Structure formats: structure tokens, C-alpha cells
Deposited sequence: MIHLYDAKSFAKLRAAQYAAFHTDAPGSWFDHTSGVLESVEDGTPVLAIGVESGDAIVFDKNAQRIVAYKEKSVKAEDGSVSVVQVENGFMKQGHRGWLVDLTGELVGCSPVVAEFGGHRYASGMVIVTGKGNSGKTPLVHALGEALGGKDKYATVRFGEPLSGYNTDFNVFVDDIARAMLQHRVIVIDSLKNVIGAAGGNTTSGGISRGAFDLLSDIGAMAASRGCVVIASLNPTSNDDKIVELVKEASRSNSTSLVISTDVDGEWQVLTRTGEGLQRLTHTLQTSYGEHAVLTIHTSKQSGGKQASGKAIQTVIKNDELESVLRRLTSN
């Protein structure tokens, strides 16, 4: 919905946004949105995600796909009406994203998902990318474990020529929806085959917002392989503006920079990570400064 502001109510939002990343307990928002989802009466649609064609599939609170659902109009506070209808396993009426309000007046936030090694990490989508010899796949699994903390992280596998990997986009989005519905920390390996169909474009523009609203983090690997001049800009656009955070490799092997958006129209934070391999290629991450736009664009130009 839309929101009205004056100087005073806008100042409050800014303070609340600052708290959502800087002072709230890590994982709080996820726990809150879990409660909201749990309170939804059983069978009610909560999440719609776009399939390859551009149509959408719909899930309930238990991550069960909804095949049929009678038309149902819900009137919001501001007067706006949201209608949801499902027929033959596809969304007839409604929109992509969260079908129940998980956020209320608390919008434009990057809810803190976890704290590791003295740094706070944001929910939403984290893209892991860059060039050089530093491996993406070992990093995303290390990050998934680290941000998981006490909790296990979920792995969605997609589009690699290895055993057990799904390569069908429609199964991929089904896995993602379920992961965001049930887990705080989610790893995607990889985002190469989405990088184009309507579903793929939708996913790139939707997933960051879906995750930030949930309070979960989606850690996606994206190897910038080809040199074709239009596709590299799509990698840069996904890295710059479709991701809540960016994790990018550097000139030195094992070393990564983390760039974190802290909130709608707020300054982006940067910190450096050191890593090393243990037995069987398991990577271990070793244990606040702002960044301007020219520094940001300088980092993007390494891709």
C-alpha cells in the first residue's frame, strides 16, 4: 500500500529503519514474521512467485502449493482492496510477492538477520560474485553456516552439471518459496541459468524484497562468466540494485568485500572478510565504515 508522511512521521520511520538494522536483536524480524504467518488461518494464500511463463504459483503458510482457491477480497486500512484467486494451480487474481502484510508501517528496512565476527548482516538477497580465483560456492556455504548460527541453513541447488541438480526453473522457484517460508538462512547455487524468460526477470526483481520482508537472507552465487556486453550489465544491475547486500571477491585470494544496504535511502556499509580452506575444501571465515557512490561504482567496475 501507499503511506502518508509529514516531517515528524517521516523522522520516526527513519529512526525505526535505523533500529531495524543497527539495534534490533539479530533474527528478531524473522521470528516476528513467522508468528504472523502462523496466525494466518489455514489454507489462506501467503506467497505468490512467478514461474518461467510469467504466471504465478501460490503457497500457504505450511509451504504447500494451492491448486484452487475461491475469489476473496480483503480491504486494507487505507481503502485499497487486495483480491486473491487461484485456479488450476495458477494465480488468477493477485500479485507476486507476499499476499499477507508482514510489514505494516515498517517498510524500507533491512532487518538484521544475523551477527557474525563483529559484523551485522542484512536480510534480503545477498549476491556473491566477482572475478579471480576465489571460489563462490565454498563462500556461500560458509556464509550460510555462519549466519545460520544455531540454525541449519537451507540449500537450493540449480543449474550445474552435477549429480542431483535440478535444472527446471519452475522447480527452482518452488524450492525458493518453501525455503523462505520455513528458514531464515538460504543458499542458492547458482543464479547463472536465470541470468531471458519472464519468470527469470520477475525473480531477479522480486526476491530481495520477498526476503527482506520475511527477515530471511538469500545468499546466491553468481559467477560472471561471459564477456557479452549486455549480459555483464545485467550482472552489474543485479549486483548493484536488485541485491540488498553484495559480497565480491578481490585481488587477493580468499579475501572478500561485503557491501550492505542498511535501509531505504541510507548509507551503504563496507567490511572486509578473510577466508581459508580446511579439510575437504570446507571454507572458514576468519573473525562500521560507510561507502560513497563513486567507491561503489568503482567496486562494480571490477565485474
For this session: Just jot down which stretches of the deposited chain sequence have no CA coordinates, in the order they come.
Result: 196 to 206, 299 to 312, 329 to 331
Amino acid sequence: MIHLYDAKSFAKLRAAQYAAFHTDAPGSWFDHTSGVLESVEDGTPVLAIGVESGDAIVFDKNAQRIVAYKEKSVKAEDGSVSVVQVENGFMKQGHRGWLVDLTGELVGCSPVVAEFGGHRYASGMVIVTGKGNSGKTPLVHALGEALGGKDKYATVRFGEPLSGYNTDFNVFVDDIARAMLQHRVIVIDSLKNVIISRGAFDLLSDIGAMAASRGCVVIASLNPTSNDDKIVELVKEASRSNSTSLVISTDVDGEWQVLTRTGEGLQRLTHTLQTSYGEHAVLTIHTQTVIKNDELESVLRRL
From here on, numbers count along this sequence of modelled residues.
Exercise. So which stretch wins on mean C-alpha B-factor, 236 to 244 or 25 to 33?
Worked result: 236 to 244
Problem set entry | Mean C-alpha B-factor comparison - 245 to 253 and 64 to 72, higher one | 64 to 72
For this session: Select one of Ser9, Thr284, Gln17, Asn293: the residue whose C-alpha shows the highest B-factor in the crystal structure entry.
Result: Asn293
Exercise. Out of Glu145, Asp229, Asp206, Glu105, which shows the largest CA B-factor listed in the entry?
Worked result: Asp229
Problem set entry | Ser213 - which third its CA temperature factor falls in, relative to the rest of the chain | lowest
Problem set entry | Chain-relative CA temperature factor third for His119 | middle
Exercise. What third of its chain's C-alpha B-factors does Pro138 belong to: lowest, middle or highest?
Worked result: lowest
For this session: Determine, from the deposited record, the chain-internal third of the Cα B-factor for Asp101: lowest, middle or highest.
Result: middle
Exercise. Where does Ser110 sit by CA temperature factor within its chain: lowest, middle or highest third?
Worked result: lowest
